[PDB]
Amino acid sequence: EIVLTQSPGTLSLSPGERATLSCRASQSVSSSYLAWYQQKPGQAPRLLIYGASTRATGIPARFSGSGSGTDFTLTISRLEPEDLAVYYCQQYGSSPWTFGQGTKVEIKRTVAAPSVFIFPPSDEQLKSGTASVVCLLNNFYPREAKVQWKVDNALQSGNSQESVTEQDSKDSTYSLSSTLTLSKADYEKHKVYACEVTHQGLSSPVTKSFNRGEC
């Protein structure tokens, strides 16, 4: 079956820069029957290009496609802010029609250090056997950040999950939550809960902490 391999996985580009997205096929795509779609979060895909190089109606001239055989490219000549999206290639030269796995285009901006906040478990949550501790990183760039949990100064492993927002449409920043989950039993056993944050915008790591049961 025709497997389409897109690269890179993620492109980070300032507005006005050239985006070059690649689609490679595992066999020749007949008649250059290759299409590109744009998909924004929460929205359906939008057709940009068909026949490898033909712009769909209404699509801005900055979008163009090229290629044939097994190698195809989508080019955004000068990136606009609203071009933040996942882009998928799709072949329709051979059935079953197949899609690539997508290239995400994100917007590069200047480095912004996160502000950091820590939340203890509520007494309401504690009344039923579970404790969640939450660390928040607000309004930062780039995406890459290290968020480490320490309980009485002991670095934790495997007991936290992270979630990250999409890039803000206004300021191109990210926000992140890290959530440490413990039983209420061992939560009460320890005193100092801390999240340590390492980021390109911070000269040294930043720690926020609370003492259990204190104020």
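Numbering starts at 1 and runs along the sequence shown.
*Asks:* Mean CA B-factor: is it higher for 43-51 or for 179-187?
*Replies:* It is 179-187.
*Asks:* If you average the Cα B factors in the entry, which is higher, 1-9 or 206-214?
*Replies:* Of 1-9 and 206-214, the stretch with the higher C-alpha B-factor average is 206-214.
*Asks:* Highest recorded C-alpha temperature factor, please, choosing from 172, 26, 68, 165.
*Replies:* The listed residue with the largest C-alpha B-factor is 68.
*Asks:* Going by the entry, which of 64, 153, 159, 38 has the most elevated CA B factor?
*Replies:* Among 64, 153, 159, 38, the PDB entry lists the largest C-alpha B-factor for 153.
*Asks:* Can you tell me which third, lowest, middle or highest, the CA B-factor of residue 94 falls into for its chain?
*Replies:* Top third by C-alpha B-factor.
*Asks:* In terms of the CA temperature factor given in the entry, to which third of its chain does residue 109 belong: lowest, middle or highest?
*Replies:* Its C-alpha B-factor, which the entry lists for residue 109, ranks in the middle third among residues of this chain.
*Asks:* Classify residue 136 as lowest, middle or highest third according to the C-alpha B-factor given in the PDB entry, relative to its own chain.
*Replies:* It falls in the bottom third of the chain.
*Asks:* Classify residue 75 as lowest, middle or highest third according to the C-alpha B-factor given in the PDB entry, relative to its own chain.
*Replies:* Lowest third, going by the recorded CA B-factors of the chain.
*Asks:* Would the CA B-factor of residue 86 place it in the lowest, middle or highest third of its chain?
*Replies:* CA B-factor rank for residue 86: lowest third.
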